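To start, the structure under review is shown below, and the notes come after it.
Positions are given from 1, in the same order as the sequence printed here. Just follow the structure's listing: the first ligand is 1, and inside any ligand the first atom is 1.
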Amino acid sequence: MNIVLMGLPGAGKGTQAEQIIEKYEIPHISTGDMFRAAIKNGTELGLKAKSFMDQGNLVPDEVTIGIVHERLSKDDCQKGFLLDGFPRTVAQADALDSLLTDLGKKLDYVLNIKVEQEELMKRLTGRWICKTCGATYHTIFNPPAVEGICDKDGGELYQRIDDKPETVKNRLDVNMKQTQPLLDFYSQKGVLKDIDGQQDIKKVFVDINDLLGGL
Ligand SMILES: Nc1ncnc2c1ncn2[C@@H]1O[C@H](COP(=O)(O)OP(=O)(O)OP(=O)(O)OP(=O)(O)OP(=O)(O)OC[C@H]2O[C@@H](n3cnc4c(N)ncnc43)[C@H](O)[C@@H]2O)[C@@H](O)[C@H]1O
Ligand SMILES: [Zn+2]
């Protein structure tokens with residue numbers, strides 16, 4: 001199964017990805033995680049992406065497309081994958097469509113996780129993330145068992161720099177401008193499914209799982 005998670009900042013993509021890969025055991029491919037690993041590794045590409053990410057701006061398409069192309073060509077992506085936060089732009093969706101054709105593959109579903117703006121801001125304001133594994137929590141909506149500690153591994157929780165309200169505003173601005181072009185691209189392709197992301201975590205997954213389980 002070849003799946004795309006799309007959604008505005010805060011919509012619950014990573015949270016749902018954790019649920020999906022637990023049940024289905026396809027690899028989780030996140031462009032955000034790939035950029036963060038390039039940053040940890042200190043590469044030229046990583047260092048160049050960092051300024052965009054800190055500002056809540058999209059990394060330019062050319063770089064992003066090249067890293068996804070390389071990742072998805074690996075042997076572990078040939079029996080299914082979960083793409084999370086790619087494509088974010090019609091140019092990226094165009095390129096992925098070519099890339100997939102060259103691999104003899106196509107998308108099963110693009111899951112558009114829908115959430116109201118106010119809720120998106122409430123979610124990003126209360127978010128804490130494990131520095132080790134990247135699991136995400138929310139002070140109100142999904143707290144860790146003990147404050148400041150990841151439930152899975154005992155890791156330290158941190159606040160992402162781009163979660164500051166002024167940066168969140170820029171992220172929603174920049175990403176909303178891309179939503180309707182992306183929806184139009186995939187509505188045509190017959191793969192788009194809207195998911196009500198504004199429910200309890202496990203109940204959003206009920207809806208996603210209904211789709212995935214039928215594949
Ligand atoms: N393709 C691309 N092209 C160009 N640039 C790219 C790119 N991909 C990445 N980039 C660059 O990298 C940056 C970061 O990208 P990326 O890391 O992909 O971040 P993002 O797209 O902004 O999404 P978030 O991680 O903020 O949100 P999420 O939807 O996964 O929410 P979460 O599950 O954590 O949940 C959020 C909060 O809500 C809580 N929560 C989750 N679900 C629920 C629920 N159902 N109810 C209540 N709370 C919930 C969580 O606990 C958490 O606290 C980009 O801004 C850009 O600079
Ligand atoms: Zn952790």
Side-chain angles (χ1 to χ4, degrees), residues 4-20 28-39 46 48-68 71 82-93 95-96 111-116 119-145 148-163 167-168 170-176 178 182 195-208:
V4 167
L5 298 184
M6 76 168 277
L8 291 177
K13 299 197 296 281
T15 301
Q16 288 308 311
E18 305 154 23
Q19 317 260 265
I20 289 169
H28 181 207
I29 311 307
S30 158
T31 36
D33 287 352
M34 283 188 274
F35 287 131
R36 285 185 283 271
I39 296 164
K48 292 186 184 187
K50 187 173 205 296
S51 64
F52 293 98
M53 304 170 72
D54 293 354
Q55 288 159 6
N57 286 320
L58 295 176
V59 182
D61 294 328
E62 239 229 304
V63 200
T64 306
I65 289 161
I67 72 160
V68 176
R71 179 70 185 88
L82 184 66
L83 267 170
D84 168 357
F86 185 98
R88 267 180 213 250
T89 249
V90 176
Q92 294 177 15
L96 171 70
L111 307 175
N112 179 35
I113 303 171
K114 280 154 61 70
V115 183
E116 289 175 343
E119 173 75 13
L120 266 11
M121 305 187 270
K122 290 172 64 58
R123 285 177 192 189
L124 294 173
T125 303
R127 175 205 226 185
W128 286 80
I129 304 167
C130 182
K131 292 173 109 78
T132 303
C133 73
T136 70
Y137 300 89
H138 189 287
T139 299
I140 319 316
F141 312 150
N142 193 18
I149 311 300
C150 176
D151 293 350
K152 298 159 48 173
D153 49 40
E156 187 177 336
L157 297 189
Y158 82 100
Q159 289 172 303
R160 249 169 62 181
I161 199 156
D162 63 340
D163 282 353
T167 307
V168 165
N170 193 56
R171 286 210 264 160
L172 296 166
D173 175 340
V174 120
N175 283 283
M176 288 172 68
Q178 308 292 326
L182 232 31
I195 286 84
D196 177 3
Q198 205 155 334
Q199 317 179 61
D200 291 352
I201 289 170
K202 289 174 173 161
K203 292 178 192 182
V204 180
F205 188 62
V206 167
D207 289 345
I208 289 179

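- Closest to atom 31 (O) of ligand 1 among all protein heavy atoms lies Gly12 N, 3.5 Å.
- Close approach of ligand 1 to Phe141 (heavy-atom distance below 4.0 Å) involves ligand atoms 47 (C), 48 (N).
- Taking every heavy atom of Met53 and a limit of under 4.0 angstrom, the matching atoms of ligand 1 come to 11 (C), 12 (O), 57 (O).
- Centred on the Zn ion (ligand 2), the SG atom of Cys133 and the OD1 atom of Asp153 lie at an angle of 150°, reported to 10°.
- Residue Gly126 places no heavy atom under 4.0 Å from ligand 1.
- One finds the CD1 atom of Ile20 at 8.5 Å from the CG atom of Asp84 (value rounded to the nearest 0.5 Å).
- Across all non-hydrogen atoms, the minimal contact from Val174 to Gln178 is O-CG, 3.5 Å.
- Considering only heavy atoms from C-beta on, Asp163 comes within 4.5 Å of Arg171 through its side chain.
- Distances shorter than 4.0 angstrom occur between a heavy atom of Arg36 and an atom of ligand 1.
- In this structure, SG of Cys130 and SG of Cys150 enclose an angle of 110° at the Zn ion (ligand 2), rounded to 10°.
- Taking atom 8 (N) of ligand 1 as the reference point, the nearest protein heavy-atom neighbour is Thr31 OG1, 2.7 Å.
- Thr15 contributes atom OG1, which lies 12.0 Å from atom CZ of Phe141 (distance to the nearest 0.5 angstrom).
- Every atom of ligand 1 with a heavy atom of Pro9 under 4.0 Å away is listed here by number and element: 22 (O).
- Between the side chain of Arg123 and the backbone N or O of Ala11 there is at least one donor-acceptor pair closer than 3.5 Å.
- Of the protein's heavy atoms, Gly10 N, 3.2 Å lies nearest to atom 27 (O) of ligand 1.
- Side-chain N or O atoms of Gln16 include none that pairs as donor or acceptor with a backbone N or O of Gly12 at under 3.5 Å.
- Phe35 CE1, 3.8 Å is the protein heavy atom nearest to atom 10 (N) of ligand 1.
- The distance from atom CD1 of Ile29 to atom CG of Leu5, rounded to the nearest 0.5 Å, is 11.5 Å.
- Within the 4.0 Å cut-off (strictly below), no protein heavy atom is located near atom 54 (C) of ligand 1.
- Nearest residue to atom 52 (C) of ligand 1 from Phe52, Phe86, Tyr137, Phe205 is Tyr137 (criterion: closest heavy atom).
- For ligand 1, one of its N or O atoms has an N or O atom of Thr136 under 3.5 Å away.
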Problem - Candidate pair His138 and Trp128, rule side-chain contact (heavy atoms from CB on, under 4.5 Å), full reasoning - result: CA-CA 6 Å; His138 189 287; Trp128 286 80; over 6 Å; no

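- Of the heavy atoms in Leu124, only side-chain atoms (C-beta onward) come closer than 4.0 Å to ligand 1.
- Here the protein heavy atom with the shortest distance to atom 45 (N) of ligand 1 is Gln199 O, 2.8 Å.
- Listed for the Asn170 side chain is a donor-acceptor partner under 3.5 Å among the backbone atoms of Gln55.
- You'll find the side chain of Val59 reaches within 4.5 Å of the side chain of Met53, heavy atoms only.
- For ligand 1, the polar-atom distance check finds no N/O of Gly56 at less than 3.5 Å from any of the ligand's N/O atoms.
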Practice task
Check the pair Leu96 / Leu83 against side-chain contact (heavy atoms from CB on, under 4.5 Å), numbers first and verdict last.
Solution key: CA-CA 11 Å; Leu96 171 70; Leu83 267 170; 3.9 Å; yes

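- At least one side-chain heavy atom of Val68 sits less than 4.5 Å from a side-chain heavy atom of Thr31.
- Near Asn57, meaning under 4.0 Å from one of its heavy atoms, ligand 1 places the atoms 56 (C), 57 (O).
- If you check each of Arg127, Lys13, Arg171 against atom 25 (O) of ligand 1, the one with the closest non-hydrogen atom is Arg127.
- Atom CG of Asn175 sits about 9.0 Å away from atom CE of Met6, to the nearest 0.5 Å.
- In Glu116, the CD atom is not crowded: 12 or fewer heavy atoms of neighbouring residues, nucleotides or ligands sit closer than 6.0 Å.
- Nearest non-hydrogen protein atom to atom 30 (O) of ligand 1 is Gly14 N, 2.9 Å.
- Residue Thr15 places at least one N or O, backbone or side chain, under 3.5 Å from an N or O of ligand 1.
- Contacts between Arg160 and ligand 1 below 4.0 angstrom, taking non-hydrogen atoms only, involve the side chain exclusively.
- Atom numbering of ligand 1 starts at 1 in the shown order; those under 4.0 Å from a heavy atom of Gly197 are 45 (N).
- Under the 4.0 Å criterion applied to side-chain N and carboxylate O atoms, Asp200 and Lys202 are not assigned as salt-bridge partners.
- The residue from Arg88, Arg123, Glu18 that puts a heavy atom closest to atom 15 (O) of ligand 1 is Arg88.
- Contact annotation: for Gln16 versus ligand 1, there are no heavy atoms closer than 4.0 Å.
- Here the heavy atom of the protein found nearest to atom 5 (N) of ligand 1 is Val59 N, 3.2 Å.
- Every atom of ligand 1 is numbered from 1 in the order shown, and the set under 4.0 Å from a heavy atom of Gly85 is 1 (N), 2 (C), 7 (C), 8 (N).
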Practice task
Applying side-chain contact (heavy atoms from CB on, under 4.5 Å), run through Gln19 and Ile208 and close with a yes or a no.
Solution key: CA-CA 10 Å; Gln19 317 260 265; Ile208 289 179; over 6 Å; no

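- By the criterion of a heavy-atom distance under 4.0 Å, the side chain of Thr64, and not its backbone, is placed next to ligand 1.
- Here is the list of ligand 1 atoms found below 4.0 Å of a heavy atom in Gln92: 1 (N), 2 (C), 3 (N), 4 (C).
- Using a cut-off of 4.0 Å between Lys/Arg side-chain N and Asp/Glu carboxylate O, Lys131 and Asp153 are scored as not salt-bridged.
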